[PDB]
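Trainee: Structure in structure tokens, see below.
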Amino acid sequence: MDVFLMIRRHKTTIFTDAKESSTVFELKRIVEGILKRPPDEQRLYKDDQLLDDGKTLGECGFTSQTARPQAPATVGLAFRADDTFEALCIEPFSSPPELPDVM
Amino acid sequence: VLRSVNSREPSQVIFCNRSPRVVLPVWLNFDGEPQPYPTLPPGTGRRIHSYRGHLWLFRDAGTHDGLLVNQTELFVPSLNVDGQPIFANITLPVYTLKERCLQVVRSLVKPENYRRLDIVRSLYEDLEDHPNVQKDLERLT
Amino acid sequence: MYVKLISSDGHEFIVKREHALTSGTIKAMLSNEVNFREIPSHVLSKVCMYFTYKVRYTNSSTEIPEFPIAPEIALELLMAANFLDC
Ligand SMILES: CC(=O)N[C@H](C(=O)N1C[C@H](O)C[C@H]1C(=O)NCc1ccc(-c2scnc2C)cc1)C(C)(C)C
């Protein structure tokens, strides 16, 4: 079962899919391929929860019917600058304007 | 040109609405005129009597948006094998993002106000160019 | 293989190259980062979700869900869709 994700850190957002049976560590390998930082310099999160490497995405609550192509689930990402990990920080997207009167 | 053939050979059909829309079935009559038939609510089905060589298409009853039936625009009942009815699976197409956006804007703004919107004339014209059974019939021909 | 799509407000969206090439306009801007001075992140994020949706459900037997668009973003998303040709 494919799950569809946005892996997000600061103003970076990665759209990708993975298997429900795949692991947190395997998702770090995906991020490694794209942002060139090894798994040991990454933390992945579901909301405020630090995810453990050995767990499957499905176990961590990323399921095919909640992590959908048109509405993907969010995975937080934090990097270790040298010795210690930054805090998890995800910049929100911009706010839409007020609806025009005619809408 | 696009018209049902007057075969008079019965063919039973299941109209199965696997879309989230209210569905308007349209039978193309022997002169090529579109005839509307009773609507189907989302997720419902109807066993209906049609005929071999008849032509049908399917629309959103509210907006006339085009829908697919067995993955194409036109459905023609065929011979019933072993008494079994023909299945007509009605689904959403994958709309282009532009077309989907037009649908949502059309659903929120009365046609009187399409011109009041702050967009290029051509988008005003796209909004006003409502999904239209006639245009589609000409196209298909 | 990925490409980077950057919104007007500086959000960097990283998507599969083949998904981005869905847009004829992006294909042109790539012929591998693209900046969009007029498309804010709350619109471009949705554009990226559409790619995933289209690629996933195009010529698929499985039932197709409605692509959701909140009323507040629809006008801006219409404009971006028109520009990007999709
Ligand atoms: C011999 C022939 O061609 N007859 C035609 C005919 O019976 N037709 C044309 C189409 O093939 C369908 C068929 C017909 O009218 N069947 C009755 C019918 C009634 C309601 C419905 C529907 S559509 C959604 N809900 C319903 C109940 C479908 C079929 C008429 C009477 C219209 C000239």
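Just so we're on the same page: first chain in the structure tokens is A, next is B, and so on; residues restart at 1 for each chain, and ligands are numbered from 1 in the order they show up.
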With a distance cut-off of 9 Å and only C-alpha atoms, select the neighbouring residues of residue 67 in chain C, excluding the residue or stretch itself and same-chain residues fewer than 4 positions from it, and output the selection as number ranges by chain.

Mentor: A: 70; B: 94-95, 97, 100; C: 50, 53

Trainee: Let me see the file: selected residues, N, CA, C and O atoms, as a tab-separated table (two decimals), in the first residue's frame.

Mentor:
```
chain	number	residue	atom	x	y	z
A	70	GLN	N	-3.95	13.33	-3.14
A	70	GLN	CA	-4.50	14.68	-3.22
A	70	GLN	C	-4.51	15.40	-1.90
A	70	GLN	O	-4.94	16.55	-1.84
B	94	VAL	N	-10.53	12.08	-14.45
B	94	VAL	CA	-9.47	12.92	-13.91
B	94	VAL	C	-9.57	14.24	-14.67
B	94	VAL	O	-9.06	14.35	-15.78
B	95	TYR	N	-10.23	15.24	-14.09
B	95	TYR	CA	-10.27	16.57	-14.71
B	95	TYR	C	-8.90	17.20	-14.68
B	95	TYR	O	-8.10	16.88	-13.81
B	97	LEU	N	-6.53	20.28	-13.79
B	97	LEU	CA	-6.63	21.22	-12.69
B	97	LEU	C	-7.38	22.50	-13.09
B	97	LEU	O	-8.16	23.03	-12.31
B	100	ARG	N	-11.12	21.66	-13.15
B	100	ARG	CA	-11.62	21.51	-11.80
B	100	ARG	C	-11.77	22.87	-11.12
B	100	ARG	O	-12.78	23.13	-10.46
C	50	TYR	N	-1.92	18.03	-6.94
C	50	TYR	CA	-2.59	17.66	-8.18
C	50	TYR	C	-1.71	16.73	-9.02
C	50	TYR	O	-2.20	15.72	-9.53
C	53	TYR	N	-1.94	13.36	-7.65
C	53	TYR	CA	-3.30	12.87	-7.88
C	53	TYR	C	-3.47	12.40	-9.32
C	53	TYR	O	-3.92	11.28	-9.57
```

Trainee: Any idea which chain C residues end up within 7 Å of chain A if we count only C-alpha atoms, as a PDB file with N, CA and C atoms, in the first residue's frame please?

Mentor:
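Produced file out_13.pdb, reproduced below:
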```
ATOM      1  N   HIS C  11       8.896  29.276  -0.390  1.00  0.00           N
ATOM      2  CA  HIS C  11       8.778  27.854  -0.062  1.00  0.00           C
ATOM      3  C   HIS C  11       9.316  27.014  -1.221  1.00  0.00           C
ATOM      4  N   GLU C  12      10.146  26.028  -0.889  1.00  0.00           N
ATOM      5  CA  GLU C  12      10.792  25.179  -1.878  1.00  0.00           C
ATOM      6  C   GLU C  12      10.118  23.815  -1.893  1.00  0.00           C
ATOM      7  N   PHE C  13       9.380  23.546  -2.957  1.00  0.00           N
ATOM      8  CA  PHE C  13       8.691  22.276  -3.112  1.00  0.00           C
ATOM      9  C   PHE C  13       9.525  21.344  -3.981  1.00  0.00           C
ATOM     10  N   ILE C  14       9.857  20.172  -3.458  1.00  0.00           N
ATOM     11  CA  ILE C  14      10.685  19.225  -4.192  1.00  0.00           C
ATOM     12  C   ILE C  14       9.805  18.059  -4.641  1.00  0.00           C
ATOM     13  N   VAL C  15       9.670  17.894  -5.957  1.00  0.00           N
ATOM     14  CA  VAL C  15       8.750  16.906  -6.546  1.00  0.00           C
ATOM     15  C   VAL C  15       9.458  16.065  -7.596  1.00  0.00           C
ATOM     16  N   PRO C  40       2.125  31.878  -4.783  1.00  0.00           N
ATOM     17  CA  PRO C  40       2.422  31.645  -3.369  1.00  0.00           C
ATOM     18  C   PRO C  40       2.328  30.180  -2.966  1.00  0.00           C
ATOM     19  N   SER C  41       2.939  29.862  -1.820  1.00  0.00           N
ATOM     20  CA  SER C  41       3.084  28.501  -1.355  1.00  0.00           C
ATOM     21  C   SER C  41       1.733  27.807  -1.146  1.00  0.00           C
ATOM     22  N   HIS C  42       0.714  28.539  -0.687  1.00  0.00           N
ATOM     23  CA  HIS C  42      -0.604  27.916  -0.456  1.00  0.00           C
ATOM     24  C   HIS C  42      -1.318  27.477  -1.746  1.00  0.00           C
ATOM     25  N   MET C  49       0.153  18.606  -5.194  1.00  0.00           N
ATOM     26  CA  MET C  49      -0.781  17.537  -4.827  1.00  0.00           C
ATOM     27  C   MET C  49      -1.586  17.093  -6.061  1.00  0.00           C
ATOM     28  N   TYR C  50      -1.921  18.031  -6.937  1.00  0.00           N
ATOM     29  CA  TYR C  50      -2.588  17.659  -8.183  1.00  0.00           C
ATOM     30  C   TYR C  50      -1.711  16.726  -9.019  1.00  0.00           C
ATOM     31  N   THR C  52       0.468  14.575  -8.080  1.00  0.00           N
ATOM     32  CA  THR C  52       0.465  13.272  -7.469  1.00  0.00           C
ATOM     33  C   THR C  52      -0.859  12.596  -7.767  1.00  0.00           C
ATOM     34  N   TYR C  53      -1.940  13.362  -7.647  1.00  0.00           N
ATOM     35  CA  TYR C  53      -3.298  12.874  -7.883  1.00  0.00           C
ATOM     36  C   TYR C  53      -3.465  12.400  -9.321  1.00  0.00           C
ATOM     37  N   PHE C  67     -11.015  15.789  -6.675  1.00  0.00           N
ATOM     38  CA  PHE C  67      -9.871  16.588  -6.270  1.00  0.00           C
ATOM     39  C   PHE C  67     -10.388  17.803  -5.485  1.00  0.00           C
ATOM     40  N   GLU C  72     -11.401  29.399  -0.793  1.00  0.00           N
ATOM     41  CA  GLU C  72     -10.483  30.524  -0.563  1.00  0.00           C
ATOM     42  C   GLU C  72      -9.259  30.545  -1.483  1.00  0.00           C
ATOM     43  N   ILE C  73      -8.866  29.380  -1.997  1.00  0.00           N
ATOM     44  CA  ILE C  73      -7.708  29.289  -2.890  1.00  0.00           C
ATOM     45  C   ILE C  73      -8.097  29.117  -4.364  1.00  0.00           C
TER      46      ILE C  73
END
```

Trainee: Ligand 1: which residues are within 12 Å, counting only C-alpha atoms and all ligand atoms, as a ChimeraX atom specification?

Mentor: /B:3-17,22-31,33-41,44-58,61,75-78,88

Trainee: Could you tell me which residues of chain B sit within 12 Å of chain A when counting only C-alpha atoms, and give me the result as a tab-separated table (two decimals) with N, CA, C and O atoms, in the first residue's frame?

Mentor:
```
chain	number	residue	atom	x	y	z
B	94	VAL	N	-10.53	12.08	-14.45
B	94	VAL	CA	-9.47	12.92	-13.91
B	94	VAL	C	-9.57	14.24	-14.67
B	94	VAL	O	-9.06	14.35	-15.78
B	97	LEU	N	-6.53	20.28	-13.79
B	97	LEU	CA	-6.63	21.22	-12.69
B	97	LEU	C	-7.38	22.50	-13.09
B	97	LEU	O	-8.16	23.03	-12.31
B	104	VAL	N	-15.19	24.79	-9.52
B	104	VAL	CA	-15.35	25.28	-8.15
B	104	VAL	C	-15.72	26.77	-8.18
B	104	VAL	O	-16.60	27.20	-7.44
B	105	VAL	N	-15.07	27.54	-9.05
B	105	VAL	CA	-15.41	28.95	-9.19
B	105	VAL	C	-16.85	29.09	-9.69
B	105	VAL	O	-17.63	29.86	-9.13
B	106	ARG	N	-17.23	28.33	-10.71
B	106	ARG	CA	-18.62	28.35	-11.19
B	106	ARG	C	-19.63	28.04	-10.08
B	106	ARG	O	-20.73	28.61	-10.05
B	107	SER	N	-19.26	27.14	-9.17
B	107	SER	CA	-20.13	26.76	-8.05
B	107	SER	C	-20.28	27.85	-6.99
B	107	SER	O	-21.21	27.80	-6.18
B	108	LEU	N	-19.36	28.81	-6.97
B	108	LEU	CA	-19.35	29.87	-5.96
B	108	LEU	C	-19.82	31.23	-6.46
B	108	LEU	O	-20.24	32.05	-5.66
B	109	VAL	N	-19.74	31.48	-7.76
B	109	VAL	CA	-20.00	32.82	-8.31
B	109	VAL	C	-21.14	32.74	-9.31
B	109	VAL	O	-21.10	31.92	-10.23
B	110	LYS	N	-22.15	33.58	-9.14
B	110	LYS	CA	-23.28	33.59	-10.05
B	110	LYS	C	-22.81	34.10	-11.40
B	110	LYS	O	-21.93	34.96	-11.45
B	111	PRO	N	-23.37	33.58	-12.51
B	111	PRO	CA	-22.85	33.99	-13.82
B	111	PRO	C	-22.85	35.51	-14.03
B	111	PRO	O	-21.99	36.03	-14.74
B	112	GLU	N	-23.78	36.20	-13.37
B	112	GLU	CA	-23.86	37.67	-13.42
B	112	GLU	C	-22.53	38.30	-13.01
B	112	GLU	O	-22.20	39.40	-13.45
B	113	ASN	N	-21.79	37.61	-12.14
B	113	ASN	CA	-20.56	38.15	-11.55
B	113	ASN	C	-19.22	37.62	-12.08
B	113	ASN	O	-18.18	38.09	-11.63
B	114	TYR	N	-19.24	36.68	-13.02
B	114	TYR	CA	-17.99	36.19	-13.61
B	114	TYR	C	-17.11	37.33	-14.12
B	114	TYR	O	-15.88	37.26	-14.02
B	115	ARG	N	-17.74	38.36	-14.67
B	115	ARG	CA	-17.03	39.54	-15.18
B	115	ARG	C	-16.48	40.41	-14.07
B	115	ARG	O	-15.49	41.11	-14.27
B	116	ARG	N	-17.09	40.37	-12.89
B	116	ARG	CA	-16.57	41.13	-11.76
B	116	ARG	C	-15.26	40.55	-11.22
B	116	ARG	O	-14.55	41.24	-10.48
B	117	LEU	N	-14.93	39.31	-11.59
B	117	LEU	CA	-13.72	38.65	-11.08
B	117	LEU	C	-12.45	39.25	-11.67
B	117	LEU	O	-12.40	39.61	-12.85
B	118	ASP	N	-11.40	39.31	-10.84
B	118	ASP	CA	-10.15	39.92	-11.25
B	118	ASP	C	-9.22	38.92	-11.95
B	118	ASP	O	-8.26	38.42	-11.38
```

Trainee: Under the rule of at most 8 Å, produce a per-residue listing of chain C near chain B: chain, number, name, the closest pair of atoms, and the distance in Å, as CSV, using only C-alpha atoms.

Mentor:
```
residue,atom,partner,partner_atom,distance
C:50,CA,B:97,CA,7.0
C:54,CA,B:94,CA,6.6
C:57,CA,B:94,CA,6.9
C:58,CA,B:94,CA,6.3
C:63,CA,B:18,CA,6.9
C:64,CA,B:92,CA,6.1
C:65,CA,B:92,CA,7.5
C:66,CA,B:20,CA,7.4
C:67,CA,B:100,CA,7.6
C:69,CA,B:104,CA,7.3
C:71,CA,B:104,CA,7.2
C:74,CA,B:101,CA,5.9
C:75,CA,B:105,CA,6.8
C:77,CA,B:101,CA,6.8
C:78,CA,B:101,CA,5.1
C:79,CA,B:119,CA,7.6
C:81,CA,B:98,CA,5.1
C:82,CA,B:98,CA,6.1
C:85,CA,B:98,CA,7.5
C:86,CA,B:96,CA,5.4
```

Trainee: Just checking: using only C-alpha atoms, which residue out of C:62, C:45, C:25, C:32 ends up closest to residue 1 in chain C?

Mentor: C:32

Trainee: Within range 55-97 of chain B, find each residue whose DSSP state, derived from the backbone, is strand (DSSP E), and express the selection as a count of residues only.

Mentor: 14

Trainee: Go ahead and compute the interatomic distance for CA of residue 67 in chain A and CA of residue 42 in chain B, in Å to one decimal.

Mentor: 24.0 Å

Trainee: Please identify the helix (DSSP H, G or I) residues within range 33-136 of chain B (assignment by DSSP from backbone atoms) and present them as JSON, numbers by chain.

Mentor: {"B": [81, 82, 83, 97, 98, 99, 100, 101, 102, 103, 104, 105, 106, 107, 108, 111, 112, 113, 114, 115, 116, 121, 122, 123, 124, 125, 126, 127, 128, 133, 134, 135, 136]}

Trainee: Need to verify the contact set: residue 55 in chain A, 7 Å, only C-alpha atoms, exclusion of same-chain residues closer than 4 positions in sequence. Can you return it as a VMD selection string?

Mentor: chain A and resid 23 to 24 59 to 60

Trainee: Go ahead and save the picked residues with N, CA and C atoms, as a PDB file, in the first residue's frame.

Mentor:
```
ATOM      1  N   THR A  23      10.027   1.509   6.412  1.00  0.00           N
ATOM      2  CA  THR A  23      10.441   1.990   7.720  1.00  0.00           C
ATOM      3  C   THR A  23      10.774   3.471   7.721  1.00  0.00           C
ATOM      4  N   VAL A  24      10.782   4.019   8.933  1.00  0.00           N
ATOM      5  CA  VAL A  24      11.208   5.372   9.186  1.00  0.00           C
ATOM      6  C   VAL A  24      12.625   5.575   8.667  1.00  0.00           C
ATOM      7  N   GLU A  59       2.642   1.606  11.188  1.00  0.00           N
ATOM      8  CA  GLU A  59       2.686   1.607  12.652  1.00  0.00           C
ATOM      9  C   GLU A  59       2.684   3.002  13.232  1.00  0.00           C
ATOM     10  N   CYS A  60       3.360   3.921  12.554  1.00  0.00           N
ATOM     11  CA  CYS A  60       3.397   5.324  12.969  1.00  0.00           C
ATOM     12  C   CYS A  60       2.198   6.109  12.475  1.00  0.00           C
TER      13      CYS A  60
END
```

Trainee: Give me the residues within 10 Å of residue 87 in chain A as number ranges by chain, counting only C-alpha atoms and dropping any in the same chain fewer than 5 places off.

Mentor: A: 43, 77-80

Trainee: Figure out the distance between CA of residue 126 in chain B and CA of residue 32 in chain B, please, to one decimal in Å.

Mentor: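 The value is 26.7 Å.
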
Trainee: Excluding residue 24 in chain C and any residue of its chain fewer than 2 positions from it, enumerate the residues within 10 Å of it, using only C-alpha atoms, and give them as a PyMOL selection string.

Mentor: chain C and resi 20-22+26-30+83-86
